[PDB]
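**Q** I need the structure of the sequence given here:
(one chain, ligands or ions: 5)
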Amino acid sequence: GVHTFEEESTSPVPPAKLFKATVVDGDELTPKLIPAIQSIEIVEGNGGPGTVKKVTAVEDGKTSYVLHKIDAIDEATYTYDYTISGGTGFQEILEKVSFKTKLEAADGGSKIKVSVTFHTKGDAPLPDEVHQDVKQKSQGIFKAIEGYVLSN
Ligand SMILES: O=S(=O)(O)c1cccc2cccc(Nc3ccccc3)c12
Ligand SMILES: O=S(=O)(O)c1cccc2cccc(Nc3ccccc3)c12
Ligand SMILES: O=S(=O)(O)c1cccc2cccc(Nc3ccccc3)c12
Ligand SMILES: O=S(=O)(O)c1cccc2cccc(Nc3ccccc3)c12
Ligand SMILES: O=S(=O)(O)c1cccc2cccc(Nc3ccccc3)c12
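**A** Numbers count the residues shown, from 1 in each chain. Ligands and ions are numbered 1, 2, ... in the order given. The structure is reproduced below:
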């Protein structure tokens with residue numbers, strides 16, 4: 001089953017700085033800022049579309065990973081589209097979740113435009129708990145980096 005959500009939020013950080021921290025320096029900063037995430041390793045490609053990253057994390061003493069695949073990336077338009085799937089750490093009811101993110105200038109800061117598509121196994125509805133967990137983690141990473149950028 002396919003479940004789509006669209007959201008907008010704002011940041012006081014201007015788009016080039018926010019894009020650089022979250023997308024270009026994200027693989028270095030995320031493990032430093034999020035206790036559970038141990039590493040983000042490129043397993044295929046060189047940072048362009050098709051690049052696959054292995055994200056390893058620890059929870060309740062156990063180690064697992066998921067795969068992050070770049071669908072599109074363009075620095076000039078602050079565009080970053082990526083898919084989370086597979087590995088040993090992914091939500092059981094999900095085949096994949098695809099993200100389309102875009103920043104634009106707003107009021108000295110950034111407007112953030114997101115489109116999120118959950119692909120559930122078979123014809124399963126998206127449980128509230130799975131929506132909530134993917135959203136909290138997505139927000140957590142983005143907002144940990146944003147706070148870091150504000151501190152510097
Ligand atoms: O929980 S997931 O829904 O995959 C998830 C969804 C959205 C963003 C995520 C970012 C990093 C790690 C995740 N999970 C993860 C879990 C265990 C080990 C490694 C990564 C993320
Ligand atoms: O949502 S339901 O209407 O039961 C449902 C309806 C139709 C197909 C479903 C397939 C898998 C899991 C479900 N439920 C489920 C229940 C608890 C937790 C996670 C998924 C499905
Ligand atoms: O939560 S939001 O404020 O849009 C948000 C804020 C900042 C960064 C985000 C990155 C990915 C998805 C989001 N939203 C999202 C929406 C539904 C499900 C999962 C994530 C992000
Ligand atoms: O902790 S929980 O709400 O369970 C939580 C569980 C899973 C993912 C989370 C992502 C961001 C923030 C949380 N809360 C949080 C609460 C206090 C300080 C920092 C983060 C998340
Ligand atoms: O991760 S902390 O452990 O604080 C940390 C530890 C050691 C050095 C740090 C340098 C800059 C920012 C941090 N964190 C940070 C995160 C969000 C907002 C402001 C600062 C640093």
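**Q** helix or strand for residue 84, which one?
**A** For residue 84, the host element (DSSP states H and E) is strand 79-85.
**Q** Contact partners for residue 108?
**A** Going by CB atoms under 8 Å, 6 or more residues apart in numbering, residue 108 touches 12, 14. For every residue, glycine as well, the C-beta is placed using N, CA and C.
**Q** mind running it again at 10 Å?
**A** 12, 13, 14 (CB atoms under 10 Å, 6 or more residues apart in numbering).
**Q** same check, this time on residue 71
**A** With contacts defined as CB under 10 Å, 6+ apart, the neighbours of residue 71 are 49, 50, 51, 80, 81, 82, 83, 98, 99, 100.
**Q** and if you look at residue 141?
**A** Neighbour list for residue 141: 22, 26, 29, 30, 33, 34, 37, 55 [criterion: CB under 10 Å, 6+ apart].
**Q** Going along the chain, name the helices of this structure.
**A** In the chain, the helices defined using DSSP state H lie at 15-19, 26-33, 128-151.
**Q** What is the neighbour count of the closest residue to ligand 2 within the chain?
**A** Nearest to ligand 2, among the residues of the chain, is residue 124, at 3.7 Å (CB to the nearest ligand atom). By the measure other CB atoms under 10 Å, the count of residues near residue 124 is 15.
**Q** how much space is there between it and residue 94?
**A** According to CB to CB, to the nearest Å, residue 124 and residue 94 sit 9 Å apart.
**Q** which neighbours do the two share?
**A** The contact sets of residue 124 and residue 94 overlap at 3, 118, 130 (CB under 10 Å, 6+ apart).
**Q** closest to residue 73 among the residues you listed?
**A** Nearest to residue 73, judged by CB to CB, of these is residue 118 at 21.7 Å.
**Q** wait, doesn't that closest one sit right on residue 83?
**A** No. Between residue 118 and residue 83 there is no contact under CB atoms under 10 Å: 11.3 Å.
**Q** neighbour-wise, which of the two wins?
**A** residue 118 (23 against 17).
**Q** Just give the number of residues close to the residue of the chain found nearest ligand 3.
**A** Distances between the chain and ligand 3 by CB to the nearest ligand atom are smallest at residue 7, namely 3.1 Å. Using other CB under 10 Å, residue 7 has 12 neighbouring residues.
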